[PDB]
Structure formats: C-alpha cells, structure tokens
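One protein chain, two forms: both are listed below as structure tokens, the first as structure 1 and the second as structure 2.
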Structure 1
C-alpha cells in the first residue's frame, strides 16, 4: 500500500463552535454532489487508479471484519447492511483527528503495520480519503447508480472543532454538517432533534434510533449513506407476491423481474447458488441464495469471509431474474462493533483525538446509517426467483471495491 503512506516531503490552529442545530439550513442537493463526483472520477490519472485499487483492499478487508462484528452484535430482524467505504472513511476521519496511541492503534485496525520509529510508515489520511472519493466516483460513472454520503458532527455546547479537521473531512464528503446541541439535560429529546434535522436537510426516510447517547458526550460523529439503483430492463411485476421469511411467516411485497444475459452458477460443494447482474458498465449486483433456509448463517459466514475468489466467471445466459423491490435500512454505532472486536476504548474516553478540537472530544457515538434502494428501470430463459432470505453485494469491477454487502431476511 505504498501510495497511501506519507512521503519524505510529507514528513515536515483556528477553531470554531458549530452553529446551533436549530439554525436554518439549505438542504442537500444530491445531483449537485453527483455531478461533482463525476468530475472527480474523470480527471483521474494512472497514479490515481492504482491508489483506488490499493485503498479498496483496505476497505474490503475492514468491511468484512466489521460485518462479522455486526452480526455478532445482532443486526435486527429485517437483516443487515454495511457500506465498507462509508465505514472506512469514518475510521480514516478519526485517524486524521488522532494522535498516538490512538492514531497507531487505528492504523493497526486497518491492517496497516505501524513501524515504530517511522513517519513514512504512517498512513496519509488526506491521500487516502482522496483515493476513497475516487472509488465512489468510479461507482457512479442514464444515471442508474446514485450514492450520497452526508456526515453530521453534533457537538455539545461550547466544544469547538478545529477548522483543519473539518477541512480534512471535506475530502471524505462535502455534505458535511457540524451543529451544536444540549446532549446532557434530556438525551432522548436530543436524539429527536438530530433525527429531525437529518431528515430535514437530506429528505431521507431512515432508521431513526431513539436510544439516547451518553450524557457526558461532547462529540457525535454520524455518517449517513443513501444508495439508489435502477435495474435497466427490469419491471415491477403486477400486484404483490409472497416472500417467505421462514416456514411460518410470509410478507407480501412487490417484486421486480428482468430477462437478460447474466452469469449464474450453483455451488454444489457448499449448497448455494449465485447470480451476477450488471448495474451499468462497471457495477455488478451479486445475489447469493442458500439451497436451504436453515443454512443462511453458514453460507453467509462462508461467502463473506476477503479474496472473493469463488466469484467464477462463466459465460452469461438467458436468466429471468425476479426479486423483491429493495428498500433496505440499517444503522449501528461503530463503537459497539469495535467493542465486539475487543478494543472497546479505541474511540473511548481514553482516545487521543486532540486534532479534532481545542479540547479532547468525548465521543458518544460513531453512527453509520444506511438507506439502499433498488428499483425497476421501466423466449425461454432460466427462472431465478428470490422469494426467501438471501445475501447481496454491490461490487465494482475497476476499483475492486465492495461498496455494499448485507443480508435480506425481510423486505418491509
């Protein structure tokens, strides 16, 4: 990963109190962000594309790792979903705000050795978030794919953020909202305000956890991801259809169906099958179905383990793929997943994050919150039908990045 480290030349503070959460705020413009993200991806050189490749490996490794900690933490009845790039960026943001021992420990969490007595063995956050942004650019370049990330920095009254830190965050995403609110006096009310505010500026209907945060918190970092996919040549089927959550629970849900030349195969060794449909010239949706429902866990553990070498490329074939229209939501506190990962205080009262503000923040939650949407774009083939729980993943052929991976036990 040499292109992610500080160079020999690289090895050589104004603050502010964020405006009150109440303050009037022009909403996000998802298509103004998208048009800028296109620009970014199209100016990329050969150096840039190599970095993208390198950063993707760190992202994928860390992604699986934390998805496993997610399912050990319990993800909920509906299923689970994770954006490694969103996750990765969040941890890199904190890396950029940290000093040793945290700074090193964080790097070690990203499987990047910290050679003691070596600046050049340190990750360059700025270079990394740049490369990370490239990979996001590559995903969305008819506009069939749309992904928008917005970060909310929610500070306790009085606590001041360093402008340098926020500068660094802009690389990860410009859609960046630092606001101040009383987190101590009524923690439950404060959670309503953060949820109200996010829906007001993004216009996104999302998991709104109502569980308050710690009363002594002075900083809340929250990442919000919103993905929209259009499956071209797929149409919504008449009426609704049964999706068997298990032998004794049905949910009626709208399906979408498409006929195309897709790759498909059955792993007879491990009792599951896979389909690979493209989402544009780059992106690819993977759909894994266990041959039997009581095997979901095992197949999930087995297939989301990092080298993804079971992705076999056979010739495409006529496939009538039918699946539920997806409107997935998921939300979790990164602190919990590390806590399951056994280094509970990695971003814990003991963390050295003295480059975030003019005092060392007490971090109350590091939330990733997801909304994924996959929808309809408008003789004899092989019918593939997802009417029971399955796993999915959006993979990107050029960066090799797993932008999404999760499980669908039930669709709203």
Structure 2
C-alpha cells in the first residue's frame, strides 16, 4: 500500500554534524551580461570522469538514488497526465525533476525540508537529523548515474537557469550545492515585477543563446511578485546505430479514425522483445550505448493505451524482462520530442499547492526568503537515425500511439518516460 524508501546510504550519519561565520553571498550578474554558450562535449567529458572511478559505496548510493528518482518520476508523471499536456503526448525526466526537488531541499528548512523529504517518500523522525537526507550525497549520487548513462555521440545535458529579482543575493553554499546537480548553472538577475511577458521573452532568448537548443519554451508571464525562478533545461541526444530514414512517408494512426503521414526510420538488429500475456502489451528494447536502453511499449490496441500507461508507469519495473535478443526489424517515427511543465502545477495537482508556496522556508537560498515563481522543467529529446538513406527478422512497427522510456541498466534509473500520440 504506502511504499516507503529507506535510503540509508544517502542519510546523515553523524548527529553532531547538523559561534558561526556569517554566510557569504553574491549578487548574480544581470541577464544581459555576455555569456559563452555551454559546451555539450566539455560537460559530457566531465560526467564521464565522474562515473569512471567508483568504489562499491558509490554504486550502493547510486542504486538508492535510483529508487527515489524513479518513484518521484512515476508520481509526477501521473500528476502530469491528470493536468493534461498537449496532443502530441507527454514526456518527463525523473533525474531533472528529482534534481530540482533536491536543490530546493538543500535551500530549505523545516517545515519545508521535511515536507520535501516526505514527498520523496523517505521516512522522517521529528527531532532526529540522522533520519534526514544529506542533499550533497544525494546530488553526488545523481551525478554518477548521469555519468553512467552516457558511456556514437550520446549526449545528455542539464542546464539550470536561476533567475532572481534585482538586489536579491544568493548564498554561496547554496549555489555550490547546485553545481553538483549540474555545472551548467546560470544565476542571472532581471526585473520580474513590471512586465511578466517580456521577462519570459528575456529568459527564453537567454536560454536559447547559451545552449543553441531550439526548445519551444512556454510564453506565459511570471507572477509579478516573484523574486526567484528555478528552471531546468534538458537536452538528450541519441543515435540509432544502423537505423536510417525510409523513403517518403507512412501512416501513423492518432486514433482509430485519424492518421498522419510522417517520416519513419527503420533498422534491423539484435534486440529484445516480449509480449506481456497478463496485460496484453509488448515491449522492445534497443541499446543506445553500453549502459543505456530505449524501451518501446505498445498496447495491443489504441483504446487500451491509458490502461497500459497507468500499469507500467506507476514503481518498480516489475515488467522489464531479460529475454535472449533476436533478429528484429524495428520501424518507428523519427523522434524529436519537446516538453515543458511547471513543477508548481504538478505539486498543486498532488494536493501540495503550497510546498514551494509563499510561506515555504527557503532561507538557505539567499539573504531574504525568496518568493518562488515558476519552476520549469523543459526537454528536448532527439533520437537520430544513425545512417543516411538509400535476412529473416520479426517486424515491430510503431504506427500508432506508444510509450517509451530511456533506462540505465546498472543503477536502474529511468532518465525519461513518455507517450507519443502524434509525432506530427
């Protein structure tokens, strides 16, 4: 019934740890300040160092962070579908959402700190700090699983834009904590309280410029009394080794009566594929690198999609199986998936409208208690055909709505889940 996670290796172990130097602060530079674009290869090459040498302890921590990441991802994915999110489908990144939540937790104090911990499904003992998550162990374990994911060009980049009102000063230890989540961190100041819509225009133009990513960011304005926005931007890029684009276009059914003609990619490899008898769906796994897997889930028929989605995406992956690979001809739409949601909305959908509300104790973020506006998570996920265009096998053809997940075998972390209703 009520599942609890007991991530012992991510807790504080020294009661004493939890007559003081005043904490140091800085003022972020204005959003207009000249900034070099993020180098996605420099980020990659680093994350790869941070997964290279790992003792047994590190893998124990990475296994426990995986469980909390997945569970919270499943819960927020459920919140996402209840709020409704565009016709093309849904997409969510548990590592990014989880990273966001842990960043706030690092800036928070009670009651907010234990409320974030409860959300994450870890028990709290009122009075006992050694039952509390150590956010630094958590972010460090999350960095390692990001590293394991990306071991030809296989990219995942997380960028954080931290937008504050003029005069709001950030605490040093807070921002140094955020660097563990991602080194690509841009604290910037701008006038939030006079033209919400142009403030969003500035953030969108800023993000496009430091990343070069074509993301379709939301255009809605910031609430005029916001002093802190915390936006997380995710770029995933994979190549399908040996898949190439097929000639012309092919029917993809949006539902039983409506089709769209789209470009498909196709490839033949040794993949794993099974049919689930109990619930009547099938699954295909294609490797993206040495540790990453793409899972493609097909309902037997279109009207069974919601039932299947709710089975499989909601807390262990009881349904992942490990059959012998077999010769498979896989045909699917080239995936260029864009998504964005405000964590505030998902939290409100989860009956926690005020967790990050006006009374949240976030006093470890800066010099005053911030007043948090949006907390966006945005994704660009790109699966590219590994080859240009121009033997017995089983045909799997994704020509109607399906679900997908990108998954890392060692930790068990789901890095993405989603649903394609209409590629376009």
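Residue numbers count along the first chain shown, from 1. Here the rigid core means the biggest group of C-alpha atoms that line up within 1.5 Å when the two forms are laid on top of each other.
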inquiry  = Superpose on the core and compare between structures 1 and 2; which one of 189, 99, 339, 251 crosses the 2 Å Cα shift mark?
reply    = 251
query = Superposing on the rigid core, is the CA of residue 179 displaced by 2 Å or more between structures 1 and 2?
reply = no
C-alpha of residue 118 off by 2 Å or more between structures 1 and 2 on rigid core = no
message = Once the core is superposed between structures 1 and 2, does residue 240 show a C-alpha displacement of at least 2 Å?
response = yes
key: Displacement in Å of the C-alpha of residue 6 between structures 1 and 2, rigid core kept as reference   = 4.2
ask   = Core superposed, what is the CA shift for residue 280 between structures 1 and 2, in angstrom?
value = 1.7
Rigid core superposed, the C-alpha shift at residue 149 between structures 1 and 2 in Å = 0.3
